[PDB]
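S.K.: File final.txt below, compact mmCIF, N, CA, C and O atoms:
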# COMPACT_ATOMS: atom_id res chain seq x y z
N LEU P 1299 132.57 62.07 199.93
CA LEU P 1299 133.35 60.97 199.37
C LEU P 1299 132.46 60.02 198.59
O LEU P 1299 132.92 59.32 197.68
N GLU P 1300 131.18 59.97 198.93
CA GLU P 1300 130.26 59.13 198.18
C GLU P 1300 129.83 59.83 196.90
O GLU P 1300 129.67 59.18 195.86
N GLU P 1301 129.67 61.15 196.94
CA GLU P 1301 129.25 61.86 195.74
C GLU P 1301 130.40 61.97 194.74
O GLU P 1301 130.17 62.10 193.53
N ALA P 1302 131.63 61.90 195.23
CA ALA P 1302 132.77 61.97 194.34
C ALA P 1302 132.92 60.69 193.54
O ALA P 1302 133.17 60.74 192.33
N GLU P 1303 132.79 59.54 194.18
CA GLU P 1303 132.95 58.29 193.45
C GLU P 1303 131.75 58.04 192.54
O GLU P 1303 131.88 57.39 191.50
N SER P 1304 130.59 58.59 192.91
CA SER P 1304 129.46 58.55 191.99
C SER P 1304 129.68 59.51 190.83
O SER P 1304 129.12 59.33 189.75
N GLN P 1305 130.50 60.54 191.04
CA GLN P 1305 130.92 61.37 189.91
C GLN P 1305 131.98 60.67 189.09
O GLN P 1305 132.09 60.88 187.88
N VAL P 1306 132.78 59.82 189.73
CA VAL P 1306 133.80 59.05 189.02
C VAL P 1306 133.14 57.96 188.18
O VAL P 1306 133.47 57.78 187.00
N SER P 1307 132.19 57.24 188.78
CA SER P 1307 131.69 56.00 188.19
C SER P 1307 130.87 56.27 186.93
O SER P 1307 130.74 55.38 186.08
N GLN P 1308 130.32 57.47 186.79
CA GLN P 1308 129.68 57.82 185.53
C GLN P 1308 130.69 58.37 184.54
O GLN P 1308 130.53 58.23 183.32
N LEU P 1309 131.76 59.00 185.04
CA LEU P 1309 132.78 59.52 184.15
C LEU P 1309 133.63 58.40 183.58
O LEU P 1309 134.24 58.55 182.52
N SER P 1310 133.68 57.27 184.28
CA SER P 1310 134.54 56.17 183.86
C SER P 1310 134.05 55.54 182.56
O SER P 1310 134.85 54.97 181.81
N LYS P 1311 132.76 55.64 182.27
CA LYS P 1311 132.28 55.22 180.96
C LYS P 1311 132.68 56.23 179.90
O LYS P 1311 132.94 55.85 178.75
N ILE P 1312 132.74 57.51 180.27
CA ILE P 1312 132.95 58.55 179.27
C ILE P 1312 134.37 58.49 178.72
O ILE P 1312 134.59 58.69 177.52
N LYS P 1313 135.33 58.15 179.58
CA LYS P 1313 136.70 57.96 179.13
C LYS P 1313 136.81 56.78 178.17
O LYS P 1313 137.52 56.84 177.17
N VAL P 1314 136.08 55.71 178.46
CA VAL P 1314 136.15 54.53 177.60
C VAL P 1314 135.36 54.79 176.32
O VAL P 1314 135.73 54.31 175.24
N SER P 1315 134.30 55.59 176.40
CA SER P 1315 133.45 55.80 175.23
C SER P 1315 134.14 56.68 174.20
O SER P 1315 133.90 56.53 172.99
N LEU P 1316 135.01 57.58 174.64
CA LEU P 1316 135.58 58.52 173.69
C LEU P 1316 136.86 57.98 173.08
O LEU P 1316 137.20 58.33 171.94
N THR P 1317 137.58 57.12 173.80
CA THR P 1317 138.83 56.61 173.25
C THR P 1317 138.57 55.59 172.15
O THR P 1317 139.44 55.33 171.33
N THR P 1318 137.37 55.01 172.13
CA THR P 1318 136.99 54.18 171.01
C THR P 1318 136.43 55.02 169.89
O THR P 1318 136.66 54.75 168.70
N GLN P 1319 135.66 56.05 170.24
CA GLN P 1319 135.05 56.91 169.24
C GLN P 1319 136.10 57.72 168.49
O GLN P 1319 135.91 58.06 167.31
N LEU P 1320 137.21 58.03 169.15
CA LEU P 1320 138.27 58.76 168.47
C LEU P 1320 138.95 57.90 167.42
O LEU P 1320 139.10 58.32 166.27
N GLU P 1321 139.34 56.68 167.80
CA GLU P 1321 140.13 55.84 166.90
C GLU P 1321 139.28 55.34 165.74
O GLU P 1321 139.82 55.01 164.67
N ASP P 1322 137.96 55.27 165.92
CA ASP P 1322 137.08 54.95 164.81
C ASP P 1322 137.10 56.06 163.77
O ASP P 1322 137.15 55.79 162.56
N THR P 1323 137.08 57.32 164.22
CA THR P 1323 137.21 58.42 163.27
C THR P 1323 138.66 58.60 162.85
O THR P 1323 138.94 59.13 161.77
N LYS P 1324 139.60 58.18 163.69
CA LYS P 1324 141.01 58.34 163.34
C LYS P 1324 141.42 57.36 162.26
O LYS P 1324 142.15 57.71 161.33
N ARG P 1325 140.93 56.12 162.34
CA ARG P 1325 141.24 55.13 161.33
C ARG P 1325 140.50 55.47 160.04
O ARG P 1325 140.93 55.08 158.96
N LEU P 1326 139.38 56.20 160.16
CA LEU P 1326 138.75 56.76 158.98
C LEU P 1326 139.67 57.77 158.33
O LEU P 1326 139.86 57.76 157.11
N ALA P 1327 140.29 58.63 159.13
CA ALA P 1327 141.25 59.59 158.58
C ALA P 1327 142.55 58.90 158.20
O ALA P 1327 143.29 59.38 157.33
N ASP P 1328 142.85 57.76 158.83
CA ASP P 1328 144.07 57.05 158.49
C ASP P 1328 143.94 56.34 157.15
O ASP P 1328 144.83 56.43 156.30
N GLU P 1329 142.82 55.64 156.94
CA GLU P 1329 142.62 54.91 155.69
C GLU P 1329 142.39 55.87 154.54
O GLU P 1329 142.78 55.59 153.40
N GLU P 1330 141.78 57.03 154.81
CA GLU P 1330 141.56 58.02 153.77
C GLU P 1330 142.88 58.64 153.32
O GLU P 1330 143.08 58.90 152.13
N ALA P 1331 143.79 58.87 154.27
CA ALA P 1331 145.12 59.35 153.91
C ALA P 1331 145.90 58.30 153.13
O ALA P 1331 146.76 58.64 152.31
N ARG P 1332 145.61 57.02 153.38
CA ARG P 1332 146.18 55.97 152.54
C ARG P 1332 145.48 55.90 151.19
O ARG P 1332 146.02 55.34 150.23
N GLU P 1333 144.27 56.46 151.10
CA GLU P 1333 143.54 56.42 149.84
C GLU P 1333 143.97 57.54 148.91
O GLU P 1333 144.24 57.31 147.73
N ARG P 1334 144.05 58.77 149.44
CA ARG P 1334 144.22 59.95 148.61
C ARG P 1334 145.59 60.01 147.95
O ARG P 1334 145.75 60.72 146.96
N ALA P 1335 146.58 59.28 148.47
CA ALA P 1335 147.86 59.21 147.78
C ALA P 1335 147.75 58.40 146.50
O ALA P 1335 148.37 58.74 145.49
N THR P 1336 146.95 57.34 146.52
CA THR P 1336 146.85 56.48 145.35
C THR P 1336 145.97 57.10 144.27
O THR P 1336 146.25 56.97 143.08
N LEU P 1337 144.89 57.77 144.68
CA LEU P 1337 143.99 58.34 143.69
C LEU P 1337 144.59 59.58 143.06
O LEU P 1337 144.52 59.75 141.84
N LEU P 1338 145.21 60.45 143.86
CA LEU P 1338 145.92 61.58 143.28
C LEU P 1338 147.16 61.10 142.55
O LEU P 1338 147.60 61.73 141.58
N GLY P 1339 147.74 59.99 142.99
CA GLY P 1339 148.77 59.33 142.21
C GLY P 1339 148.24 58.82 140.89
O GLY P 1339 148.96 58.78 139.89
N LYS P 1340 146.97 58.43 140.86
CA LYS P 1340 146.36 58.03 139.60
C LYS P 1340 145.92 59.25 138.80
O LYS P 1340 145.48 59.12 137.65
N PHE P 1341 146.00 60.44 139.39
CA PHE P 1341 145.64 61.65 138.67
C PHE P 1341 146.84 62.26 137.98
O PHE P 1341 146.77 62.65 136.81
N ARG P 1342 147.96 62.36 138.70
CA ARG P 1342 149.07 63.18 138.24
C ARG P 1342 149.79 62.54 137.07
O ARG P 1342 150.45 63.23 136.28
N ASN P 1343 149.67 61.23 136.92
CA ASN P 1343 150.16 60.61 135.70
C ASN P 1343 149.11 60.70 134.60
O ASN P 1343 149.46 60.87 133.42
N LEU P 1344 147.83 60.62 134.95
CA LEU P 1344 146.81 60.57 133.92
C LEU P 1344 146.57 61.95 133.32
O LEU P 1344 146.14 62.05 132.17
N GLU P 1345 146.87 63.01 134.05
CA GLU P 1345 146.79 64.32 133.42
C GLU P 1345 147.96 64.52 132.49
O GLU P 1345 147.88 65.30 131.54
N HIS P 1346 149.06 63.82 132.74
CA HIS P 1346 150.25 64.00 131.93
C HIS P 1346 150.07 63.39 130.54
O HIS P 1346 150.16 64.11 129.54
N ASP P 1347 149.76 62.10 130.47
CA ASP P 1347 149.74 61.43 129.17
C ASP P 1347 148.52 61.84 128.36
O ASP P 1347 148.55 61.78 127.13
N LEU Q 1299 139.51 61.02 200.10
CA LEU Q 1299 138.92 62.15 199.40
C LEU Q 1299 139.99 63.00 198.74
O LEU Q 1299 139.74 63.66 197.73
N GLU Q 1300 141.21 62.98 199.29
CA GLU Q 1300 142.32 63.64 198.63
C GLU Q 1300 142.67 62.92 197.34
O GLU Q 1300 143.10 63.54 196.36
N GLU Q 1301 142.48 61.60 197.31
CA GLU Q 1301 142.61 60.86 196.07
C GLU Q 1301 141.53 61.28 195.09
O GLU Q 1301 141.76 61.31 193.87
N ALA Q 1302 140.35 61.63 195.59
CA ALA Q 1302 139.25 62.01 194.72
C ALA Q 1302 139.51 63.37 194.08
O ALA Q 1302 139.57 63.48 192.85
N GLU Q 1303 139.72 64.40 194.90
CA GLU Q 1303 139.83 65.77 194.39
C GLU Q 1303 141.08 65.95 193.54
O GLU Q 1303 141.16 66.88 192.73
N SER Q 1304 142.07 65.08 193.72
CA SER Q 1304 143.13 64.97 192.73
C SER Q 1304 142.59 64.37 191.44
O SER Q 1304 142.79 64.92 190.35
N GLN Q 1305 141.87 63.25 191.54
CA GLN Q 1305 141.54 62.51 190.34
C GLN Q 1305 140.31 63.07 189.65
O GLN Q 1305 140.20 63.02 188.42
N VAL Q 1306 139.38 63.64 190.42
CA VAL Q 1306 138.15 64.13 189.80
C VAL Q 1306 138.42 65.44 189.08
O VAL Q 1306 137.61 65.92 188.29
N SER Q 1307 139.57 66.05 189.35
CA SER Q 1307 140.06 67.10 188.47
C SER Q 1307 140.90 66.51 187.35
O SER Q 1307 141.01 67.11 186.27
N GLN Q 1308 141.50 65.34 187.59
CA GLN Q 1308 142.46 64.80 186.64
C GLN Q 1308 141.78 64.34 185.36
O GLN Q 1308 142.16 64.76 184.26
N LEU Q 1309 140.76 63.50 185.47
CA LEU Q 1309 140.07 63.06 184.27
C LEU Q 1309 139.15 64.14 183.74
O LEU Q 1309 138.72 64.08 182.58
N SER Q 1310 138.84 65.14 184.56
CA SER Q 1310 137.94 66.20 184.10
C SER Q 1310 138.61 67.07 183.06
O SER Q 1310 137.94 67.57 182.15
N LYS Q 1311 139.92 67.27 183.17
CA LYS Q 1311 140.57 68.03 182.11
C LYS Q 1311 140.84 67.15 180.90
O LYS Q 1311 141.11 67.66 179.81
N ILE Q 1312 140.76 65.83 181.07
CA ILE Q 1312 140.88 64.95 179.92
C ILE Q 1312 139.64 65.05 179.05
O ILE Q 1312 139.72 65.07 177.82
N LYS Q 1313 138.47 65.17 179.68
CA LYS Q 1313 137.22 65.24 178.92
C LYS Q 1313 137.12 66.55 178.16
O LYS Q 1313 136.81 66.56 176.96
N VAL Q 1314 137.44 67.66 178.82
CA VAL Q 1314 137.37 68.96 178.15
C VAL Q 1314 138.51 69.09 177.16
O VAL Q 1314 138.48 69.95 176.27
N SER Q 1315 139.52 68.23 177.26
CA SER Q 1315 140.47 68.11 176.16
C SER Q 1315 139.87 67.37 174.98
O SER Q 1315 139.86 67.88 173.86
N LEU Q 1316 139.36 66.16 175.22
CA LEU Q 1316 139.04 65.29 174.10
C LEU Q 1316 137.76 65.71 173.40
O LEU Q 1316 137.54 65.34 172.24
N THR Q 1317 136.92 66.50 174.07
CA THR Q 1317 135.71 66.97 173.40
C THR Q 1317 136.05 68.04 172.36
O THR Q 1317 135.23 68.34 171.49
N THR Q 1318 137.24 68.62 172.45
CA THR Q 1318 137.74 69.42 171.34
C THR Q 1318 138.32 68.52 170.27
O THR Q 1318 138.19 68.81 169.07
N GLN Q 1319 138.95 67.42 170.67
CA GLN Q 1319 139.65 66.58 169.71
C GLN Q 1319 138.67 65.83 168.82
O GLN Q 1319 138.92 65.64 167.63
N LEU Q 1320 137.52 65.45 169.38
CA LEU Q 1320 136.48 64.84 168.55
C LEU Q 1320 135.85 65.87 167.63
O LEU Q 1320 135.26 65.52 166.61
N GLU Q 1321 135.99 67.16 167.95
CA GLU Q 1321 135.55 68.18 167.00
C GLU Q 1321 136.56 68.34 165.87
O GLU Q 1321 136.17 68.53 164.71
N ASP Q 1322 137.86 68.27 166.17
CA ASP Q 1322 138.86 68.55 165.15
C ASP Q 1322 138.98 67.41 164.15
O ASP Q 1322 138.90 67.63 162.93
N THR Q 1323 139.18 66.18 164.64
CA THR Q 1323 139.47 65.07 163.75
C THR Q 1323 138.26 64.70 162.91
O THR Q 1323 138.39 64.26 161.77
N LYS Q 1324 137.06 64.88 163.46
CA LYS Q 1324 135.86 64.64 162.68
C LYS Q 1324 135.67 65.71 161.62
O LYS Q 1324 135.14 65.44 160.54
N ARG Q 1325 136.14 66.93 161.89
CA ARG Q 1325 136.09 67.98 160.88
C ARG Q 1325 137.06 67.68 159.74
O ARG Q 1325 136.79 68.00 158.58
N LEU Q 1326 138.20 67.07 160.06
CA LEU Q 1326 139.05 66.51 159.02
C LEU Q 1326 138.35 65.37 158.31
O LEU Q 1326 138.46 65.22 157.09
N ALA Q 1327 137.58 64.57 159.05
CA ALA Q 1327 136.83 63.48 158.44
C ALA Q 1327 135.62 64.00 157.68
O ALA Q 1327 135.04 63.28 156.87
N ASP Q 1328 135.20 65.24 157.96
CA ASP Q 1328 134.23 65.87 157.08
C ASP Q 1328 134.91 66.50 155.87
O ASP Q 1328 134.27 66.73 154.84
N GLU Q 1329 136.21 66.79 155.98
CA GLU Q 1329 136.88 67.51 154.91
C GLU Q 1329 137.51 66.56 153.91
O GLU Q 1329 137.25 66.65 152.70
N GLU Q 1330 138.35 65.63 154.38
CA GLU Q 1330 139.17 64.87 153.46
C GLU Q 1330 138.34 63.84 152.70
O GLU Q 1330 138.74 63.38 151.62
N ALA Q 1331 137.16 63.52 153.21
CA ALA Q 1331 136.22 62.72 152.43
C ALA Q 1331 135.61 63.54 151.31
O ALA Q 1331 135.50 63.06 150.17
N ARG Q 1332 135.20 64.77 151.59
CA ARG Q 1332 134.55 65.57 150.56
C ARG Q 1332 135.57 66.15 149.60
O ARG Q 1332 135.23 66.58 148.49
N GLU Q 1333 136.84 66.18 150.00
CA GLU Q 1333 137.89 66.50 149.05
C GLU Q 1333 138.15 65.32 148.13
O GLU Q 1333 138.52 65.50 146.96
N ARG Q 1334 137.94 64.10 148.63
CA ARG Q 1334 138.11 62.91 147.82
C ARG Q 1334 137.05 62.83 146.73
O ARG Q 1334 137.32 62.32 145.64
N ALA Q 1335 135.86 63.34 147.01
CA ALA Q 1335 134.81 63.35 145.99
C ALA Q 1335 135.16 64.30 144.85
O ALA Q 1335 134.88 64.01 143.68
N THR Q 1336 135.79 65.42 145.18
CA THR Q 1336 136.22 66.35 144.14
C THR Q 1336 137.39 65.77 143.36
O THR Q 1336 137.49 65.96 142.14
N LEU Q 1337 138.29 65.07 144.04
CA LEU Q 1337 139.38 64.41 143.34
C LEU Q 1337 138.85 63.22 142.55
O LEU Q 1337 139.37 62.90 141.47
N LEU Q 1338 137.79 62.59 143.04
CA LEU Q 1338 137.07 61.62 142.21
C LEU Q 1338 136.30 62.34 141.12
O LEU Q 1338 136.02 61.75 140.07
N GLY Q 1339 135.95 63.60 141.36
CA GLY Q 1339 135.20 64.34 140.37
C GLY Q 1339 136.00 64.62 139.11
O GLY Q 1339 135.55 64.31 138.00
N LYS Q 1340 137.19 65.19 139.27
CA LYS Q 1340 137.99 65.53 138.10
C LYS Q 1340 138.53 64.29 137.43
O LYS Q 1340 138.74 64.27 136.21
N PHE Q 1341 138.76 63.22 138.20
CA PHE Q 1341 139.24 61.97 137.63
C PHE Q 1341 138.20 61.35 136.72
O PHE Q 1341 138.51 60.93 135.60
N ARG Q 1342 136.96 61.28 137.18
CA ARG Q 1342 135.90 60.80 136.31
C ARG Q 1342 135.52 61.84 135.27
O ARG Q 1342 134.88 61.53 134.27
N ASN Q 1343 135.92 63.09 135.49
CA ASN Q 1343 135.81 64.06 134.42
C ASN Q 1343 136.90 63.83 133.37
O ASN Q 1343 136.63 63.92 132.17
N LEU Q 1344 138.12 63.52 133.81
CA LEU Q 1344 139.23 63.49 132.87
C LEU Q 1344 139.30 62.17 132.14
O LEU Q 1344 140.08 62.01 131.19
N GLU Q 1345 138.50 61.19 132.54
CA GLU Q 1345 138.41 60.00 131.71
C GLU Q 1345 137.49 60.25 130.53
O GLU Q 1345 137.60 59.59 129.50
N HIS Q 1346 136.58 61.22 130.67
CA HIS Q 1346 135.47 61.33 129.73
C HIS Q 1346 135.93 61.87 128.39
O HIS Q 1346 135.44 61.43 127.34
N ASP Q 1347 136.86 62.81 128.39
CA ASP Q 1347 137.42 63.26 127.13
C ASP Q 1347 138.41 62.24 126.58
O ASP Q 1347 138.63 62.16 125.37
Once you've parsed the file, please lay out its structure as structure tokens.

M.R.:
Amino acid sequence: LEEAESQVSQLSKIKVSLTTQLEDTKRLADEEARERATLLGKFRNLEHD
Amino acid sequence: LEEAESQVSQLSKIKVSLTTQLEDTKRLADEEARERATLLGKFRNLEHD
């Protein structure tokens, strides 16, 4: 029971460390998806005229 | 200890889940950024003529 909570107490950082690391890369993918619509939007008209 | 062996398996499948997810979304973050450079590539190409 002591070795289990010592297995918990180091894992408890790992859960917190990854849920921040995910959203940092996720907001990178979120802002980039907000970017590529405008730039390709600036492409599809500019190839036309 | 029954709380432990329930929970020490519970978050353990969360980690082996999310260590794949940090591989996938970052690979998108390796992709959609370098696709943006190519879309920036033809755009700065198509201004030149």

S.K.: For a quick test of understanding: name the residues of chain P lying within 8 Å of chain Q when counting only N, CA, C and O atoms, and present them as a VMD selection string.

M.R.: chain P and resid 1299 1302 to 1303 1305 to 1306 1309 1312 to 1313 1316 1319 to 1320 1323 to 1324 1326 to 1327 1330 to 1331 1334 1337 to 1338 1340 to 1341 1344 to 1345

S.K.: For chain Q fitted to chain P over all Cα atoms in order, what RMSD does a least-squares superposition give?

M.R.: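 That comparison of chain P with chain Q gives 1.2 Å.
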
S.K.: Do you have the atom C of residue 1322 of chain Q-atom C of residue 1322 of chain P distance handy?

M.R.: 11.5 Å

S.K.: Could you tell me how far atom CA of residue 1332 of chain Q sits from atom C of residue 1315 of chain P, in Å to one decimal place?

M.R.: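 Answer for the atom C of residue 1315 of chain P to atom CA of residue 1332 of chain Q separation: 25.3 Å.
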